[PDB]
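Worksheet: the structure to be examined is printed underneath.
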């Protein structure tokens, strides 16, 4: 990937988009009712605190 | 992917939020299109992806990966199928038929078997059991001489 | 040549390195007599060491040497001869002959002295007129083995160790218009900061064409003023040689900067590092062109060189030396440099002095007589200076 | 896919190429006898860029060996990992007449590289390993790069070359 | 601990240095003195690379030897200076220098300062030159028989003497066709436009000189014609193919059609170039660079024959022969750059190899000499001999004067100097006579190589020259008698003799001035 | 010595030592090479450092594979190489005659003579011998029987009779089949191929072409009974733009669109070929074969195979001309102007497999101007020997056609020149008569060597041969199975005129140049 | 003592380390010996009652067989005559596969 942008408002939106994506995945996991989560791939500190 | 170098370029946030979802939906559509024809087992000669494996398991598709570039041709001769150089749902003429396909264990060895009931077939295999690799090699040479005779 | 010998030798003793650098300094300052000063200095040391071996303090010897040197320098201005009193041409010729004696060109003294004096006089510069100047080493000296040394020639003009750019060009121009340039004539290339990015494919052909068209436009601008000879320090591309070939003009590349400077000043041209003017556009004006009476390419002993003859803005001279082989040619050049320097010094300062040891004998007699009037321990040092002379 | 073929020229060039092929073979799952032991699939993903698989599971390198000596290629063969090369991938007095020396050697090399490029599907380049300042790298290498370019003037050719008082008015 | 002044420098001085220099010069002279005259024998040399050089040329002998003594190096250098200046006489110069330097130690050992000897030599050289100019003979350059006689007398010493009639004709035709005058009045006879091609095989009598050029090249595509009667030739310095620029350009494509459109524009460019070439309606295209397959297709569609990758010098010779000029940008192609002076283009096979002939030119200014023969060594020797003959012819054309050979000129000059010396007083008289009597080594060596009585023949010849009109009497090298050179017919250019004498005397003067040697100072 | 005082590490051999060294080297070479001459010569085995085996009888191969480091040997080897590459035969006789000339010259030089007298005698004898050879030759129409005789004479000296009889017909037929009555014969139009099985008596001539590669796609047909042939050198692989380019997409759908769009350039050419095939071969009765000098992608291979096309990729460049000459089409670099007039016709195309190798046969051409010689045998050295013999035979037949004349053989010509020179020599003045005698005695070496190899007495056999040809003016040579004199022309032993001419010239020139060397010196850098 | 220096000609012009054999006594009778020994080596593995043979190659790999072609392939032969016999055997194996 590569990001090309012209304005600071779009810059801020781009910054917010990644947090939105990660939180969307986390909420999708949470709303299923699961109480234990296991993964083969790294679980970040943000995910751990969430 | 493209043969030439490619790059995903994004100028807004909606594209960033939609790219992965679109890719996953496209892969799901392709796999279900393959599965709709009635295929039970897919044989490939190269790498498999995690998402493709996930959808194949979802739709109850047996996936076998063999890689010699000659074993693939021999299997095609055995079953009656034609190798497809692009990932597209096969036509009936390109579809192979085998009676039994399974995984078995013989003497600490995991094997995958494609088996017919036909007495003719196209090819056949001889499974040798011995207590020593040298003895098995000698029996192999004897079998070769018999075939040549 | 003493300076050359001492420079080629490798020495480990600093007391000897002092004499080596003394010879080098003499060569830089004057250009003649780099072998006599070493002998004089060594003899002075040898004679002072005996007095030091006797119970004489070195400070007395040093003061005596300083006093003797001062008196000798003052007295030498009595043995002077004013060159204007003598007839100038034979005075200069005799000075040159004396300088060239004891070299490989000794017997040909009159021939080579006439050549040297002619070159030095032709290279004279017109200063503020307070003092005229004679800038030697502005003459180009070339070596090429072959015929006998008495066939070495003086060229009224300039000589270039360069050949024409392409074999399709003419090799002789009668009335020469000269343009001297200080930049390359290759196809253009955008700088590091600039880059080309294409999103509409239809726009590539015209960019590729303009890349080659800019230099053609420059060359047409240059040639529109009637220039016949183009001299360039940078390179010239194969695509750009064809324009000169069709126009019927000579192009020379990889010319040395000092050679270009001398040619430009001799022929009245102006050196250009760019075609821009005091406005935005680029122009070439027939006002900044040199004029020469002939430009030829001449063959010398299986190689080629270029002669530019009878420059009109000023006068210039060059020398081509012929010899049996490279060693002889190099020695001839080294021997000719001394004569050029001697003639320059004589012309700058109109005073000459006899040679053969007369000066040393007179100085020894005078200092020996003068040593008595001191009546001290400096008398011994002064006498030693006189005897070592 | 994207097959690349290799040329080795000269004594030192042959030795360097042999070392490179040895080390790449140990990195992959390839062993001296031409079979496979590697446990990671990533050792077999791009095996076809450097190897041709023969009927029976054996692998051969996509390499060409050239020298004007009957001893260098023999030394490579005697040395370890020298038997894995195909026996016909070798090219072997110095100066005869003929008005041109080496014209048959270069033709043999061109024929062998043509036969090798026939087997590959979508080849992309040639990796040439030779001495640069050497006689075989300048003269006896009779513009072999130029010959290869003339033969295939569309593919890349990557070569590992061994390395004043007058200051008045104006 | 070790106190030194000049580390490991070896110094030698005195009479030892002069004796060593003279001995080294005499040794260099002694190596070669068997290769003078029509009765000379060959020498075979083994070079470091593994070849063989079977030759008789003095410069070829001397340049293949490595020596340590600097006097030997000086003699080796003067040999090649003579070879570059005139091309003939590289053995007589060495022999003469050896004798002129050998006759000096007699006066050195009798406590005579070298400066007197130098002055005497420089005085004698001028009187040598004056006598040589006095005894000259004029020659008419329009007399082909006289020119052939001169060339035959020049090559009657080498191995091509069995085919002198062929060799002389080849050399004369080549020189005459290469002679050129152009813009201004710069007359020149540059011999980089007279190529020599050696092809082993056949017979030597098949050697010839062509009215045109021959190259080792073939047609790019088999369907092109290999025989054209009256062709129109165009020469190019550029490549007929698509190549990248140099301004660091990149392409960014985000649509479907851009890739195919970009791929098509290259073919469009190639077609434009090919059509621009075709507009002139030529028959042959020659280029020093590559030619693409699509360009070949278009040219063949237009019935053109193309040649790839010719050398720059060969392109220049073709241009000078056919009258065309090289063009780098086809857009700037005119009717003037098309050469029509050819008369046949052919492509033949000579022993499993293809060759291209451009022959039957109307007025060519460049030529190719084609030599056939037994093998490379013989062809190389023939090439060297042909170079000697051609340079002799060029010297004759640039200066039409002749002097008798066989030693007649040497004996005449010696007699003149001996007669002039008796009007001199002082110590210089003895060296002045010594040089004149040292000029006799050439007839003495000729007599020795013939195999006769030097003691009798030399004094007989001296007595004959003592008379009044006998300046052309000399030695016949095949039998060993005295003969007038007028009836025999041996003459040589004046420039060769002048260069020989000047080089010999100046080398002796240079070597007589050394007094000490310093070695091992590491730059 | 003078050279030693300047370079102590130099090596030198002066007047007599140089001559001794040269004569010794020449005699040493001829002593080994004299056993090859004639059909009765023996076979030499050569083993290299790598362990390879080469059985040979040819003089040039022996010279360049025997282990020797002598300068005179190098000179003689270069001369033999020139002889070989120009004429194709006579390499052994060159060395034999050079050695005999040097020996006979030294025989007289040892008594105080000077080499120049012998040199002049050599020149006069050479002129007389050339004059005699110009008249002894026989001019004929060069019909098939004469060519068969010449080829059999040239081939019988390398292999046994059973294989020579097989090779002669094939060589003569190929030469006649690629010949037009103008435009001198151009080789490279006969292809030499070797297949390792089916013992050499199966070597044959194919009126077509054999290619050492076959079809790469499994589903392509293995045999075509009536084939159109297309020959091209256009590229059907994926190609990248010369200028740097890259795809910039936004989503997976756009990526798919670009992936589809990056193949139209090659798919267009494939479509053009397919349309031409469907236009010409309407029904499924004929076949279509494509030969390409460049690569073909798997996608293109599948697309072609779906319509019954047999495609071969990466053929050699000379095959572009050979296929055109044989089938009768046009080799083209572009598909812009494709038309049926660019196609060729072939009556049969099929495929053969040898373990790991594959071959393709194009056969039954209408009027082929190019053919192929298919060599077979069970050994690599057998194949190499047969290849060398085939080269010899082809060169001999081509030279016989190029010349209008052929010459009797088996030493008759040497006997005749010796007899003529003996009678000529009294006319010469001076001591050159000794040189003439030496030249004749050197010329008399070939019949002596032939008799010695056949197993008779040299002196008695030569005396009988000279006893004839003097009482009867016939040209008389040696019979190798009885030792009696015979007439070469009636029996059928022939030789080339150009070979003899070149041999005489080269031998005389080399002997004359060798005899005049004064010293041998190695004084350069090591 | 004294030495027998060399013979003039080819014996002196031969390279160092090279070998030149000629005549019936030095070539034919030695080639026959080499071929006879090679045949004797594998004579004992012929027929139903042939005995197995164990060979270790240059890579320390172990072979146990009584097949003549495998034995000859695993052995390394330095004599040219035995090499030609080996190639004859290999050609027979390729052509038929038994014998």
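Order of writing sets the chain letters: A, B, C, D, E, F and G. Residues in each chain are counted from 1.
Rule of thumb we're sticking to: contacts are C-beta pairs under 8 Å (C-beta built on N, C-alpha and C of every residue); 3 or more make two chains touch, one makes a residue touch a chain.
Looking at the partners of chain A and chain B together, they share no chain. Fewest steps needed to get from chain B to chain E, stepping only to touching chains, is 2.
The chain with its Cα centroid farthest from the Cα centroid of chain E is A.
Ranking all chains by how far their C-alpha centres lie from the centre of chain B, first place goes to C.
Two chain pairs, F-G and C-E, are weighed by contacting C-beta pairs, with C-E ahead.
Between chain B and chain D the centroid-to-centroid distance comes to 35 Å (mean Cα coordinates, whole Å).
Chain D and chain F, compared by their mean Cα positions, are separated by 30 Å.
In terms of their C-alpha centroids, the spacing between chain D and chain E amounts to 43 Å. With centres set at the average Cα position, the gap from chain E to chain G is 60 Å. For chain C, residues that reach two or more other chains under the stated contact definition are 204. Not a single residue position of chain G touches two or more of the other chains.
Residues of chain E found to touch two or more other chains are 200, 245, 249-254, 262, 375-376. On chain D, the positions that touch chain E within their shared complex are 94-95, 97-100, 146, 149-150, 153. Only residues 24, 27-28, 30-31, 34, 39, 41-48, 52, 54, 64-69, 72, 159, 162, 200-204, 221-223, 242-245, 249-254, 256-257, 259-260, 262-264, 266, 293-294, 296-297, 301, 349, 351-352, 373-378 of chain E touch chain F when the two sit together in their complex. Chain F contributes residues 24-25, 27-29, 31-32, 45, 47, 51, 53, 67-70, 73, 196-197, 355, 378-379 to its touches with chain G in the complex.
Across the complex, chain B meets chain D through its residues 46-47, 67-70.
Contacts from chain D toward chain F in the complex involve residues 54-55, 70-71, 73-74, 77, 92-93, 96-98, 111, 114-115, 117-118, 121-123, 154.
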